[PDB]
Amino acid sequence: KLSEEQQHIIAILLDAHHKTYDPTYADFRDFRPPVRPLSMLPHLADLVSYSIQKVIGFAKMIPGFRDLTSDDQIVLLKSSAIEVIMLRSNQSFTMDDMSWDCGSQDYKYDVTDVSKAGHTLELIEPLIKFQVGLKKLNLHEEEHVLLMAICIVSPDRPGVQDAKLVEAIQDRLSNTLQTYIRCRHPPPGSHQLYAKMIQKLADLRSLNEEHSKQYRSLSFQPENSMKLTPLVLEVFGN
């Protein structure tokens, strides 16, 4: 049974996601234009930078996240940003053609697009498998917003200080998710759903690690990192 506290938590995370994820994608008109050997770097860099801002505005609203010091807040958002971007992007992802469809042909991103941003199959293939496996879980929006929150507030992020507090916040969220699945997700969809969602957090750690390797290699050449944004440089490095 969902406590009043637990229904509260879900209500706040849902509203937080609604206030930070525009499914009309109206702001995409502001990005440097897509061009279809690193011709998608400006556009995708801008997409990413915008998406870091949204993911921060979500994080702030996670009940308890604000009780963390500003230095723990920063550690959690730097390590998780690319993972929450990959998560939250499942919403525009479509298995119809293994692409992210943000509203129009211009803003429909496939394998070739990501490779024209400096990435290789070593990232892209596992990224597509992840998106596919996440879609097949068929999460309730309540589950989706809980997983993003659980992702941000992970006590194992290198650099964390008050791990105990991060863990207590995260536990409150994990417990809410486990109880939500039990009370509101009907079988068979719910079979081992919690363990499948935690698996997706492990897939994201390995995606984060490969994304970091190739980002570092892309951004080594000052000519490429000229095309990023200042927020992207600050959050992802150099």
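C-alpha atoms forming the largest set that superposes within 1.5 Å between two forms make up the rigid core. Throughout, we count residues from 1 along the sequence that is shown.
Put simply, when the other structures in 9 other deposited structures of this protein are lined up on the rigid core, the C-alpha atoms of 183-191 lie farther off than those of the other stretch, from 53-61 and 183-191. According to the record, the deposited sequence contains no missing residues between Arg184 and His185, so the chain is continuous there. Remark: stretch with higher mean C-alpha B factor among 105-113 and 88-96 is 105-113.
Taking the PDB entry as given, 121-129 carries the higher mean Cα B factor of the two stretches 121-129 and 143-151. Residue set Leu177, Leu204, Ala59, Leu68: peak C-alpha B-factor at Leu68 (per PDB entry).
As recorded in the PDB entry, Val35 shows the highest C-alpha B-factor of the residues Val35, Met197, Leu44, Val55.
Compared with the other modelled residues of the chain, the Cα B-factor recorded for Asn138 ranks in the middle third. Looking at the C-alpha B-factors along this chain, the one for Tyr215 belongs to the middle third.
Sort the chain's modelled residues by C-alpha temperature factor and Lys78 lands in the lowest third, per the entry. In this PDB entry, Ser39 carries a Cα temperature factor that places it within the highest third of its chain's modelled residues.
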